[PDB]
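A closer look at the structure
Listed here are the chains, written in short residue letters.
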Amino acid sequence: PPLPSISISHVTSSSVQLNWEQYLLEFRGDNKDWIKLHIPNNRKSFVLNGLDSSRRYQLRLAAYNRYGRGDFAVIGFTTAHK
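Residues numbered from 1 in each chain as written, not as in the entry; some residues may be left out. Heavy atoms only, no water. Residues with missing side-chain atoms left out of burial classes, pairs and counts.

Per the PDB record, this model was obtained through X-ray crystallography at a reported resolution of 1.90 Å.

So this is what it looks like as structure tokens:
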């Protein structure tokens, strides 16, 4: 089970877009507990909406197969202002 290569874009005051090449996606406000996100299969991108502005978050993604999941690829970001 491999390590996804993830890429962030479209960083707004309330959302970010993740791109990469079953999954487990989680996010958290900085230093808080992780929240598991629903993402459908056969998706290669994901828009996380509903975030606060000017705030630090982390996203992490791991890939799944029948044997289990791999390690998490993590990205920290700060949403835009206003």
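Quick notes on the side chain of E26
The topology assignment puts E26 in strand β3 (residues 23–29). When its relative accessible area of 4% is taken as the criterion, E26 is described as buried. A distance of 2.8 Å separates the side chain of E26 from the side chain of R60, its partner in a polar contact. In this structure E26 touches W34, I35, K36, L37, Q58, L59, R60 and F72, once residues within four positions along its chain are discounted. (Helix = DSSP H or I, 4+ residues; strand = E, 2+ residues; numbered from the N terminus. Buried < 20%, exposed > 50% of the residue type's maximum accessible area, 1.4 Å probe, protein only. Polar contact = N/O pair within 3.5 Å; in protein donor to acceptor, adjacent residues only side chain to side chain. Contact = heavy atoms within 4.5 Å.)

Let's talk about the pairing of strand β6 (residues 56–65)
A large share of β6 lies buried, amounting to seven of its 10 residues. Examined bridge by bridge, β3 and β6 share seven bridges and lie antiparallel to one another. Bridging from a neighbouring strand, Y23 pairs with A63 of β6. Bridge count between β6 and strand β8 (residues 73–78): six bridges; the pairing is antiparallel. The residue of β8 that forms the bridge with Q58 is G76. As defined by bridge partners, β6 adjoins strand β7 (residues 68–69) across two bridges and the pair is classed as antiparallel. Each bridged residue has a counterpart across the sheet, and for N65 the counterpart in β7 is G68. Between β6 and β7, which pair antiparallel in sequence order, lie two residues. (Pairing = 2+ DSSP bridges.)

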